[PDB]
Amino acid sequence: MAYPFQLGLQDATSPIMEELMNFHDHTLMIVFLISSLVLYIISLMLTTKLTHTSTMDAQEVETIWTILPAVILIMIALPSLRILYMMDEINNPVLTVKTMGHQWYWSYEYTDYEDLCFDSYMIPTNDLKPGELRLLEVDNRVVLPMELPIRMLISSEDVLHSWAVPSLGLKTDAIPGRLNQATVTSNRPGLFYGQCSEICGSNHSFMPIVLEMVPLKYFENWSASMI
Amino acid sequence: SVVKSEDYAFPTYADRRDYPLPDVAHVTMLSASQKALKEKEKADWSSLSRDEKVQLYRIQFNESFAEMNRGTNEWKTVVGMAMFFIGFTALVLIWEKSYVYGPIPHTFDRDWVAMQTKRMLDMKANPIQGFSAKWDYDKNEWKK
Amino acid sequence: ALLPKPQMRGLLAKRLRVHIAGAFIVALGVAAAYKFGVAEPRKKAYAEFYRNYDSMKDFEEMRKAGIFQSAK
Amino acid sequence: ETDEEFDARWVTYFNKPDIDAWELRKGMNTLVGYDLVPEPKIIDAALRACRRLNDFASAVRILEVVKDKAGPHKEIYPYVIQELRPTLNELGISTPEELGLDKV
Amino acid sequence: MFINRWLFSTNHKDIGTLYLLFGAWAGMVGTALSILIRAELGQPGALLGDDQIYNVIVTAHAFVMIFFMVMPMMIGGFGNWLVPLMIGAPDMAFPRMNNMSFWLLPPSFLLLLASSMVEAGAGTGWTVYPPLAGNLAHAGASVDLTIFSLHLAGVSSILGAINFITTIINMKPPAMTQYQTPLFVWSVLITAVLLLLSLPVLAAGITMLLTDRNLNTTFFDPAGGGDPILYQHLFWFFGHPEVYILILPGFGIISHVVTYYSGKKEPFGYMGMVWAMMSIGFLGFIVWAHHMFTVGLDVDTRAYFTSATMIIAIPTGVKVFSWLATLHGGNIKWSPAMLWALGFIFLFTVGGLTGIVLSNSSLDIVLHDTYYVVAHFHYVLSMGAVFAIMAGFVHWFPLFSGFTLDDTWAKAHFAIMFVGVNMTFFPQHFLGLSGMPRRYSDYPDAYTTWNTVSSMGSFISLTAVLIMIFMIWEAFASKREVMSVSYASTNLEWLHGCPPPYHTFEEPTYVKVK
Amino acid sequence: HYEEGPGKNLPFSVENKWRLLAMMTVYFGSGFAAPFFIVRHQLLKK
Amino acid sequence: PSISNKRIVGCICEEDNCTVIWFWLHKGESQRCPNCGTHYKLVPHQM
Amino acid sequence: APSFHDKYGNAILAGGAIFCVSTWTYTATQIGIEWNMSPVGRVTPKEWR
Amino acid sequence: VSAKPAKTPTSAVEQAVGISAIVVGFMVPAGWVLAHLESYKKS
Ligand code: HEA
Ligand code: HEA
Ligand code: CUA
Ligand SMILES: [Cu+2]
Ligand SMILES: [Mg+2]
Ligand code: NA
Ligand SMILES: [Zn+2]
């Protein structure tokens, strides 16, 4: 979740978002390097009084000119493909949660055993409790155990939504007639705040996602309490 | 005067340091004294004094290289007009804040943001580097 | 006394070679400055946070103020 | 090509006995675009070529573009003038700093 | 007299003039829409109320700025004015089809405006993804009028593309080859090729969307057998060629401006320019699913597609480094169009590098539909394409009108334009990294401050285009003429004077091989 | 035949500065004021 | 040849050269290419 | 000859700089824009229930 | 590009009238419709 005057990303909770953050730092260092090349060269070579406005050898530098951006793009792309393959392992999950994006609200089914389902609507601005967040607080928070592999199957009833939590590094399309899969783990308990990322009508800003991640025994107590 | 519609076909006196010897003389028609100078020009240059030299160089060409590379001062007035127009933009935004924009939501006053910050630090929101990692959880103050 | 012969032919090329050396050094300097300022401090901050981390105590400190909907 | 045939071809091209205005202007306009302050024998040939077809002010801009093609460093133009002084006082050609054309 | 000259026109210069007028009007329509968007996002709260009218404004801003500002001005106006002048043709090959393409454009604009006026509203984003664009969420005539606007604009640009390719390939002098033409001619050749190779795909896609809406088909209905991923596939198969269309005549314009105002006789590495433009054109057709990295594709498919983004990153790198390399040892004349071209180079480099950051699907998991994408596409479109349009306009306003602009006002306009766009689109990187999604009419409080800063920048850009109008009027308030133009031997369009007459190249050019 | 020369290849007369200034500001102001009146229209609807 | 008093002449004065250079050529004597100096003369009488 | 830019450029530079800084410090400080500053080290936390 | 002296040269006052005309002609309609949005929301 976001704090004022934030420049970089929200910090990581899942392992996946730690490797994504390290790769982002790597590629932004590369972008800073090559932007420094472009800016320093354009600042250099317009600031001379010497002139050379005649015929020049058209092809005598193109081998280095072609292999330097290729090797830097390879150096970018190899950890990109590594972390790209780091999201499709054998999961072997613990829990399976199903989300359906209904017309401007979310619905959650924990139905591995003893079928439980509820709805998530935003707490309105006029009905906020003191201390809570505007546009980011829900009626029923979505309770999961922590440091466990959890399968999360995402779909929608009618239109395209996007179930996204940034701090856990999850963003998956909720497509009607189609069931996408994500895996979610953690390393810290607490509340993680996301919201819809696909255009879905006149209240598209007004569906949040709150992932409350707790220990396993308290998740068991919550599952027994909510049914 | 006004020259006819063939102002593009015939070449023109172009004045730049990339083209040091232009193809057209600047002064096309010449007076009788300038014809006397051109008649004297066929003899040696030793009997040519200072004024004839500078006037014939001004006949053949407009400006020397020192005159055309001079540092005039247009960047100051360009950026001066720039800060004019950005200031007028700012007063337009003063008007728009005063009349167009309505009130702010109620979650921005000091008690609500104080309880908000206490819930931030209470739930340990992003506590590795960003916000809750700048707070003492023993001294109950911010990090110094 | 009188003047010697200086380099007449092509100082644009020698200016380009000394300043392309300067370009590579200063661009590697900008990249290394960003890396040693942001990236490696972030990695060691993550290592210091998670190397000596207890989560049962962290959850107990969160639940002692009534934040979770599941732990009262 | 290398230095000596460049120098020899340009000094022979500016010492054409049937020289006229167009090809002298074209020789200077092609020479100035090179990445090269011109060697003083080429400039000597160009000054005598301007004297051959009875043109004065073209020689003054020839000296001016030797002055301002050197660029920032100022060890070129006094050296070129100090080598070209016998030409400069054998034809009556006047140097641009003494003509008042460098005082802006 | 007026009707036969302008409404019934059959030469390229008049149609290019009407392109310039219509695109200036439509660009200011889009600028008003952008000011409306940044006015909603200025302070927290709802100045307009619901998100439906805001999405209508967002979709209208996208369509008006894409298909009615950069597209007609850039391709049609600059190609029609300059391409028969650069190759030495008296006219276009099919001038009646060019006139028909122009006169189909304001029907498309009127249909788009009527789509906005109908009470349902086409608030879907410029992606017209079903089932949001179906007859359930948008049961009404707004989406249909939007679809027919896209049909009319597509038919206009296919006709223009056909006319451009035949007048470039055929109407050359019989001695010149295709590799002796100017670079803008090459850019509009490759642009017209990808236009007619890409536009029927979206024509078929929105035709099937229309039949899904009103003829009870199930092309994209998941309850009948189809899926919207098929629509996404066809839409982006057009869509990435479309943005390469938006950027390629800008490449030609900046190459011409940088070649002219540096004093060079030719760009450095002409074969490199030609090869890189045909490489970008050939390789923009197989990169489309970088716009669907979160739809749930195969991991091998997205691996292929991010590798495709890297190999499309290399040849435009060759182009930008050769643009740097043709500044070497040139008599750098500090014209306003030079300032537009250097701002093009720097800001387009920044936008392309942010696109390369987005190109990794691993980080496109995080940064999909955030404001980081918005910063990427505005640093390419609203800076590169806009700066190239302004560079071409400042450079060729003596040719089109006959009068020269005041260069001091032009430098001031570039200064406040640069400040406004850079202050508008730099905090959007931080808002995308923090995690504000796209298409939001209200945000949480933590996204407030950058939004506030961003809103201020938009007004500065307003001042820029405001004084831009004055610049044009100042030219016609001065009536200062042109005796002469430097470097008129290399550039053919400057050789008939400013402005050129109605009938040019009745006696055509004399060029021989043997 | 149609007029050839500076300022005559344009679809509007440029011989007066003030009527052309009024023409430019009403043309580009109609452009700038169209979407604002559209937004007023859907606010006035419901 | 021509039908008027001048014609645009494009010179490719060495082979495998990209940029043609264009220049007006009028009546009278033989003008030259503005970088190579090949002589072009205008004889305006054809139809 | 004294051109237009020679002294009027200094006048426009001085006037533009002072007018822009005055009007922007007014519009950032005085008109009541809530900037939503960073609350680190600046707010004290208040105990919510 | 060389420029001729102006056939009908404008002075400073007429350019001030021109920029003020552009500003007022662009800020009256948009500023008027932005000056009251809640009136359109049936205040
Ligand atoms: C001018 C139009 C234009 C141009 C040129 C581009 C160019 C590129 N675009 Fe983009 N793009 C858009 C317009 C454009 N785009 C638009 C309008 C969208 C929004 C669609 C939507 O709504 O979803 C979009 C969306 C978009 C996305 C969607 C992101 C998302 O949905 O989450 C992505 C994904 O990476 C992307 C990638 C790229 C890449 C990789 C390039 C490359 O071609 C950039 C290469 C350019 C450079 C200038 C770099 C070269 C410079 C160098 C110095 C060499 C570099 C060498 C090394 C780093 C080794 N574009
Ligand atoms: C050509 C494309 C183009 C251009 C120029 C712009 C320009 C701008 N855009 Fe736009 N924008 C898009 C294409 C463009 N945009 C697209 C495609 C989207 C995605 C829509 C979606 O979500 O579906 C988008 C989305 C978009 C949003 C997203 C809203 C949201 O999702 O919440 C925002 C808000 O910040 C925004 C802002 C701006 C701003 C402030 C400018 C400013 O730069 C405005 C200033 C621009 C100009 C002034 C134009 C220059 C014209 C001239 C100078 C006149 C030319 C005339 C002559 C030369 C005679 N844009
Ligand atoms: Cu659901 Cu946006
Ligand atoms: Cu793309
Ligand atoms: Mg999506
Ligand atoms: Na708002
Ligand atoms: Zn030749």
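Per Swiss-Prot, chain G residues shown: 80-126, in order.
Structure determined by electron microscopy, 3.6 Å.
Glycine is no exception: its Cβ is also placed from the backbone N, Cα and C atoms.
As written in Swiss-Prot, here are the features:
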BINDING   G:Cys90, G:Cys92, G:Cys112, G:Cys115  Zn(2+) binding site
MOD_RES   G:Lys85  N6-acetyllysine
MOD_RES   G:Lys120  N6-acetyllysine
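Sequence features annotated in Swiss-Prot and their locations in the structure.
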| residue | record | DSSP (3 states) |
| --- | --- | --- |
| G:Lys85 | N6-acetyllysine | strand |
| G:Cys90 | Zn(2+) binding site | strand |
| G:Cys112 | Zn(2+) binding site | coil |
| G:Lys120 | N6-acetyllysine | coil |
Please identify, from the binding-site residues G:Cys90, G:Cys112, G:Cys115, the residue with the sparsest Cβ neighbourhood, meaning fewest other Cβ atoms within 10 angstroms.
G:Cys115
Other than G:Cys90, G:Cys92, G:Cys112, G:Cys115, which residues of the chain come within 8 Å of the Zn(2+) site, judged by Cβ distance to the Cβ centroid of those residues?
G:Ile91, G:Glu93, G:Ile100, G:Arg111, G:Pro113, G:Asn114, G:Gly116, G:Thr117
List of residues, in chain order, with Cβ under 8 A from that of G:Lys85 (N6-acetyllysine) and at least 6 apart
G:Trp103, G:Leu104, G:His105, G:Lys106, G:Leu121
So if I measure Cβ to Cβ from G:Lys120 (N6-acetyllysine) and keep only same-chain residues at least 6 apart in sequence, which ones fall under 8 Å?
G:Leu104, G:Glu108, G:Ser109, G:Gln110
Are there residues of the same chain, six or more positions away from G:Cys92 (Zn(2+) binding site), whose CB falls under 8 angstroms from its CB, and which are they?
G:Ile100, G:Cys112, G:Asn114, G:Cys115, G:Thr117
What recorded positions in G:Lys85, G:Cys90, G:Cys92, G:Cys112, G:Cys115, G:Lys120 place CB under 6 Å from ligand 3?
none
When C-beta separations to chain B are restricted to under 8 angstroms, which of the recorded positions G:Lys85, G:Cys115, G:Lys120 qualify?
G:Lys85
Under 6 Å from ligand 7 by Cβ, which recorded positions from G:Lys85, G:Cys115, G:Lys120?
G:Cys115
